[PDB]
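Take a look at this single chain in structure tokens; it is the form deposited in one PDB entry.
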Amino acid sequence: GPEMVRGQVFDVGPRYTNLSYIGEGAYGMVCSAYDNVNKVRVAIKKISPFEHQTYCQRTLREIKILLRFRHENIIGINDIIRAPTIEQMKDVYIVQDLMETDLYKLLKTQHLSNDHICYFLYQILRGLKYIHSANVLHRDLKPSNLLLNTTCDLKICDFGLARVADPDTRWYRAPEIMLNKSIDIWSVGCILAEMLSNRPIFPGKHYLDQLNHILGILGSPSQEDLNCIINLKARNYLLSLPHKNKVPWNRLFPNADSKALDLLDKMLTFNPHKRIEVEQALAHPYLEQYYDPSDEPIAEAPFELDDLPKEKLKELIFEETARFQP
């Protein structure tokens, strides 16, 4: 009865037909499909998380957040398919917009132009404005989580790690998280850097090597950065560390644009309190030809702690997808 992709039941018909393998990952499998009802191309992805709570946790964030968000530079959810009773729900099928590819695949095939880089960056920070304006952190910004259509339109995906802000992949992890909302800007910076060099800038093997890469290019932190840390054991680590001189951006990036390296700097500042916020990164000279606060929306309804048994999450998951059932 049901369609099937690489020996994987896709029980999404009769509405969704002509299914085609796009990719896979720990999450599940993603597919291109035809919506026979709205007569348009979509992406369906089959998730099977009900065994372990952290899967249930990521499933529910993904759904909660994306249903609640509407933005031009954020992948929405269109429809969601799941069994009509909670006992029999083993899988969720989340239908979203179809796109051509992600930034990860794009970088592996082409060195981009300052034209491609200025626009992509503009759209990222645009997306991020909405997200932060909802008091919400993505927490996992990176190339493979920025989707592209043939029109060079960029959309941000995967809110599996999303949280509400509340001060109480490694290569894009901000330095404060190896020690103890700006954490997104550091990712956006590391992404800017990769788009410049077609190389990940800070490719650490482990959490300590990650720092060494970071301090390798920034040099050792200043007095006031060290202060604004308040972790002692962490800070004690940093002190124990041989002095390393700041690399000027333009020696790592010779053929790169003067204005962008000025934005990268304010983006990759060690001190989280000093680092540029989205609002301003937008207002930076490098994005002068794009920056338009009229055309740069903010969440109308800003936002939720769920460390619960996988049975209550399965309930909430069922509850949140209810709106798609007769």
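The first residue of the sequence shown is number 1, and the count goes up from there. Take the two forms, find the largest set of C-alpha atoms that superpose within 1.5 Å, and that set is the rigid core.
There is another form of the same protein, the form deposited in another entry; it is not shown, and what comes next is about it.
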- Kindly check if the Cα atom of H273 is displaced 2 angstroms or more between this form and the one not shown relative to the superposed rigid core. no
- Using the core for the fit, does the CA position of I22 change by 2 Å or more between this form and the one not shown? yes
- Can we say the CA of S258 moves by at least 2 Å between this form and the one not shown when the core is superposed? no
